[PDB]
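> next one to model:
(3 chains, ligands or ions: 1)
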Amino acid sequence: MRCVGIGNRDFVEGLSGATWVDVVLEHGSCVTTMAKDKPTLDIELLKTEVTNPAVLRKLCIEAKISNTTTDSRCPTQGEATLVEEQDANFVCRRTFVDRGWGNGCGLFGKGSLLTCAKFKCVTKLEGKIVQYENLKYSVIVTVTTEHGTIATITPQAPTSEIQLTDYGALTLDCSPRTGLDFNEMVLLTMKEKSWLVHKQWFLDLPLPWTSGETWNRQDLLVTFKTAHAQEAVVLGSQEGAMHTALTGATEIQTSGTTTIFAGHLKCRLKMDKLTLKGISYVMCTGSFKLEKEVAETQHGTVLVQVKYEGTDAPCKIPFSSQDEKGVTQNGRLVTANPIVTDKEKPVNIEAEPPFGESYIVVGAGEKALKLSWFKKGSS
Amino acid sequence: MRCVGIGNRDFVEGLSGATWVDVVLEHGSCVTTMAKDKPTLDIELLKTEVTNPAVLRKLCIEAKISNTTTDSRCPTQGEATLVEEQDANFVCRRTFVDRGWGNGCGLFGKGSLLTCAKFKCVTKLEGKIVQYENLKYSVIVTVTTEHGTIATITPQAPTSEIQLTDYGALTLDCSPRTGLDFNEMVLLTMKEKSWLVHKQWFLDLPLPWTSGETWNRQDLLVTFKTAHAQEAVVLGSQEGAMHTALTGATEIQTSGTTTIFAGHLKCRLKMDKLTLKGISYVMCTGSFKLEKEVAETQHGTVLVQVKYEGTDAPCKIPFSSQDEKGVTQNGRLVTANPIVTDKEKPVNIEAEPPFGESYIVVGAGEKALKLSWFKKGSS
Amino acid sequence: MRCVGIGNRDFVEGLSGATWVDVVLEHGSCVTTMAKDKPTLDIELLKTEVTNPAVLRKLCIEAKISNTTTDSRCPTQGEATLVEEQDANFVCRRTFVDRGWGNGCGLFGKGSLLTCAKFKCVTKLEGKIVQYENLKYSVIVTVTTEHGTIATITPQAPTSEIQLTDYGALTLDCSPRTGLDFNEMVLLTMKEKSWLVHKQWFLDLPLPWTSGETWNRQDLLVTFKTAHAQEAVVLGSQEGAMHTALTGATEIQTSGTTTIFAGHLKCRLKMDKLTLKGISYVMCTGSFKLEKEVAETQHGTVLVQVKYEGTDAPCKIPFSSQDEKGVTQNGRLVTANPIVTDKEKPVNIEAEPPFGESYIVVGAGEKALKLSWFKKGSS
Ligand SMILES: [Cl-]
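Numbering: from 1, shown residues only, chains lettered A, B, ... in the order given. The structure is reproduced below:
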């Protein structure tokens, strides 16, 4: 089978009270356990996603101009005028121009002259934000395998109890572990794609915008050139200007209002006072083949997918970091407890390597993998 | 009496060490317990409030103009000038105007001409922000009832120990549970009222402002119109323009610098090694009358106040959510553990319902309440 | 020796499972423990620091102007022009001027005239931001004293296990306790110094800037004055203008990209099922001399350094707060558990006093210290 049991160290049983157990369910891993003559337990992180996010600031990449009107005056005729100077639907430019007999204007000199046009945006991109009323983890408690119940847990209401047969009441109690600062990050949506970019950056892009109907610095796209006895220019469709600008950007698969994420959660189960069964896996001695190259993740860590070539399943996977210097730093491992359930199922490791030149080591003895990695750290 | 005891699952007692107990005190509920021949225990959340918040950005809704001065020139007399063009106490507009014999000006043509006025705001509204040095929970430990001690716990210093007679030392250890992102929300104050609005929104309101003395884009209120051989206009008192704009806004009762909130906290008591008494209430079978209609809360959840019509007190209150689809999602309940202490005391439920059309169910069997609710999610 | 053991209340031992122990390691204090015939344990907070922070917004305090070019026209010659009006490397001002025979210009009147110059900043100051990929605590587990292992723990990956001889596996599990909202605070760097200021403030300083190469509102420094038959002014080096502005600012020692902080952490050790040894120190009766005056800290608390004059070592240090009113508030103490290890080693206390006039009390009976303190709370 498929799921990983709990070690000896991560649950307590009080003479009285109950059995409190720690758990870090991760994106793509299930955790397991049982007591005597009680059926097995399976705890799995169904998925993490955010739905229905606020609209933070709508931006016009590409707009058209309508109903264009001027009024100019001769000299000694004062400033040209137009009611439209009040409506924030028109950009309008007031310049001064030259009138001669060259335009029905008796005298020489320079004549006031203003000119407007309706500004109408046609392609808008959206910057959105995520609060607690948008996050939800879906979480499986399943009791060979069978029926399973689905707890759904949130930032606002992270306590679920659950009535498991053979085991009785069980409260879950969860909190995200390894992720994103939606306090710094906006979700960006241009037509069919969603990127994910640092707020400040987002808020600083040269364009007409609107508080998530009335545009702002419309002029950024619509301009006026040399007036004659005026004409208004404009830059094109922005799709392209951007795509080149969103270049470094974490990309995301989204659908409508839902958006899915690779979630780490971290819970503690509280259930009636029970002697569970710990397991403490034997440390591995086969060697590890790299399956597929070391990728960055979008919750900030670095995934590496190994493949175990020995007769050990199951076992703890010996792993190790050094920095440029060469120093073992004893940490930097997201995937707290990375164990070979069964060969043939390559195994993931999520680690947060240090800045600069990092040396990851997987495996015991010779034939251990030694990856270089590189890190460098801006917006 | 009045207070709710602890279940069997939420405290442990180690052979050695001590007795660690979980607790979620909520706005408007007390939690209770005791051991053998030891007097009872009462833990109550005195109140949550924030005091003395930073001033983030002072905005002028309504200002007056003073000491208004111009200087214009004829043609061939160069640009008009005024020292005041340096002081950011005056808005000043430089235009060009027409001089004839119509104003003591020998020749025809257009003459430079500038004009100023002291800008003096008279009604300011304030946007404030909340950090850790502003939050405080007040919390009661009381040991029929008697004397009680008041722990006061903060974001910065959430550990209080406390010397209880009959029970000995007891450390509390607390953290907010269900609330507000003061990282996204500003406290807004216009004259006598305090609203509570999303930062970005706030920062985007068309008005003169100042970093919490020198105004900025003063012009937003003060304008100049057609100059004559100039005059400066201005929009009125803003109270009203706003009140219509703060429309969706969560309103708040405030007093001076204090501001009070409905707080959820979540602690763990650490006290010397003790066999406490759990209670695990019987699940309710009376039916529930809705007392007062389902209100939104300002910490984001949805309160519903029920009333129990059966001979059961005490008992657990069977409750249940479905989404539009119809699916039981097993969670979404803020008021972790909602129990009938005694009839006649209607009971609250705080739940965080999903987006769209939600079906809450309270009660076991027929005669269970089934509310519809609606949700939709922007700034 | 030097390190402080664990009390009776802060670790549990389950019949089965293991030994979970609470710990708040603080900047400048080590925590200690052991079981029977097992060697002693030392847990010490190596240090907290942030490295390699994003660049949030680069600001030009002081720039120079280059390659300055105009083109003006006579009347009936239309607007002056220059290709450079497109390049955001030049600030350029278009005015109107006067042409007579005073400059080779046949007729009287006012003539269009524009003028540019390359804007080149020469001193830039930087505003930076801190996310999880920048924080790291270094933490010592040492087992008279000996060899010690250094766990390094982060916001993203706060779980380290560690193989201690005599004690076996031990997982640490940590989270900052008392600190800074890098969500509100920017790290500021002008030449050789680093300050630390509230984001909004930072984002609001009058100057050319750039998203962490193209300046913005260059004009803030570079101006044009009365054109002749034009000339461009500029304010000076900003070092000084600022230093007076960064006045209230928390100052910081930094080096390159590293920046060090006084860290509080808060962990829980999880190790195989063990009867540890608690100690519960006797409450002190000597009196306390103030060693060095009560300083503010930059994680927001107030440090006070006492000195114990009695034959008690070791003992708990009786301490107590009142507000202006006079009320004992039972909390406000950061240094959860402040104990006299040995006289001659003055002792720190970190406390978060209330707003207004605060009365701290250290010591039992007469000869107890009673400090006044003052608090007041903006940006
Ligand atoms: Cl003229």
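> what about the strands in the stretch 1-150 of chain A?
Listed in chain order, the strands of the stretch 1-150 of chain A (DSSP state E, counting those that start in this stretch) span A:4-5, A:11-13, A:18-23, A:30-33, A:41-51, A:54-55, A:58-72, A:90-98, A:110-129, A:135-142, A:148-153.
> so which of those strands has the densest surroundings on average?
Among those, strand A:11-13 has the highest mean neighbour count (mean count of other C-beta atoms under 10 Å in any protein chain shown), at a mean of 27. The C-beta positions use only the backbone N, C-alpha and C, and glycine is treated the same way.
> any chance of the strands of the stretch 1-150 of chain A in TSV with distance to chain C as columns?
Below are those laid out as TSV (distance: least, C-beta to the nearest C-beta, whole Å):
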stretch	distance to chain C
strand A:4-5	13
strand A:11-13	4
strand A:18-23	7
strand A:30-33	11
strand A:41-51	15
strand A:54-55	18
strand A:58-72	14
strand A:90-98	5
strand A:110-129	6
strand A:135-142	17
strand A:148-153	19
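> which residue comes closest to residue A:269 once chain neighbours are left out?
Excluding its sequence neighbours, the residue lying closest to residue A:269 (C-beta to C-beta, 6 or more residues apart in numbering or on different chains) is residue A:21, at 4.7 Å.
> the closest residue to residue A:22 other than its chain neighbours: how many residues sit nearby?
Of all residues not flanking residue A:22 in the chain, residue A:10 sits nearest, at 4.2 Å (C-beta to C-beta, 6+ apart). Residue A:10 has 24 neighbours, counted by other C-beta atoms under 10 Å in any protein chain shown.
> and residue A:10, what is it in contact with?
Neighbouring residues of residue A:10 by C-beta atoms under 8 Å, 6 or more residues apart in numbering or on different chains: A:21, A:22, A:23, C:17, C:18, C:171, C:270.
> which helix or strand contains the last one?
In this structure, residue C:270 is located in strand C:267-272 according to DSSP states H and E.
> and the angle from that strand to strand C:41-51?
130 degrees (axes from the mean of the first three to the mean of the last three C-alpha atoms, to 10 degrees).
> re earlier: dump the strands of the stretch 1-150 of chain A into a markdown table; add distance to residue A:283 as well.
Below are these laid out as a markdown table (distance: least, C-beta to C-beta, whole Å):
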| stretch | distance to residue A:283 |
| --- | --- |
| strand A:4-5 | 15 |
| strand A:11-13 | 21 |
| strand A:18-23 | 21 |
| strand A:30-33 | 19 |
| strand A:41-51 | 24 |
| strand A:54-55 | 48 |
| strand A:58-72 | 54 |
| strand A:90-98 | 70 |
| strand A:110-129 | 45 |
| strand A:135-142 | 29 |
| strand A:148-153 | 32 |
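> could you point out which of those strands sits nearest residue B:249?
strand A:54-55 (14.5 Å; C-beta to C-beta).
> that closest one pairs with which strands, parallel or anti?
strand A:110-129 (antiparallel) (DSSP bridges).
> what segments of chain A are helices?
Along chain A, counting by DSSP state H, helices occupy A:199-202, A:239-245.
> ranking these by burial, who's on top?
helix A:199-202 (a mean of 20).
> what's that one packed up against?
Helix A:199-202 sits against strand A:185-190, with contacts defined as 3 or more C-beta pairs under 8 Å, 6 or more residues apart in numbering or on different chains; DSSP states H and E.
> the strand it packs on close to chain C?
No. Using C-beta under 8 Å from any C-beta of the partner chain, we find that strand A:185-190 stays clear of chain C, coming within 9.6 Å at best.
> what does that strand contact?
A:53, A:56, A:61, A:125-130, A:194-199, A:202, A:239, A:242, A:246, A:249, A:252, A:254, A:259.
> same question for stretch A:333-352: list its buried residues.
For stretch A:333-352, burial by neighbour count (16 or more other C-beta atoms under 10 Å in any protein chain shown) applies to A:333-341, A:343, A:347-352.
> check stretch A:220-232 too.
Counting neighbours by 16+ other C-beta under 10 Å, stretch A:220-232 gives A:220, A:221, A:222, A:224, A:227, A:230, A:232 as buried.
> do that stretch and chain B meet?
No. Contact of stretch A:220-232 with chain B (C-beta under 8 Å from any C-beta) is absent, the minimum separation being 15.4 Å.
> how about the CA coordinates for that stretch, as PDB?
Extracted in PDB, the C-alpha atoms of stretch A:220-232 (Å, rounded to 0.1, in the frame of the first residue of the first chain):
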ATOM      1  CA  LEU A 220      -0.900  57.100 -19.800                       C
ATOM      2  CA  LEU A 221      -2.300  55.600 -22.900                       C
ATOM      3  CA  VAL A 222      -4.000  58.600 -24.600                       C
ATOM      4  CA  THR A 223      -2.000  61.600 -25.600                       C
ATOM      5  CA  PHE A 224      -2.300  64.800 -27.600                       C
ATOM      6  CA  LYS A 225       0.200  65.900 -30.300                       C
ATOM      7  CA  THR A 226       0.700  69.200 -32.000                       C
ATOM      8  CA  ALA A 227      -2.600  71.000 -32.400                       C
ATOM      9  CA  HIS A 228      -3.500  72.500 -35.800                       C
ATOM     10  CA  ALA A 229      -5.400  75.600 -36.800                       C
ATOM     11  CA  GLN A 230      -5.800  68.900 -32.100                       C
ATOM     12  CA  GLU A 231      -5.100  65.100 -32.500                       C
ATOM     13  CA  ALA A 232      -4.800  62.400 -29.900                       C
END
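> kindly report the residues of the stretch 101-250 of chain A close to chain B.
So the stretch 101-250 of chain A meets chain B at A:107, A:109-110, A:129, A:131-134, A:149-154, A:156-157, A:159-162, A:169, A:171, A:183, A:211-212 (C-beta under 8 Å from any C-beta).
> let's see that with 6 Å instead.
Taking C-beta under 6 Å from any C-beta of the partner chain as the contact definition, the stretch 101-250 of chain A meets chain B at A:133, A:151, A:152, A:153, A:156, A:157, A:159, A:160, A:183, A:211, A:212.
> most neighbours among the residues you listed, which one?
residue A:153 (28 neighbours).
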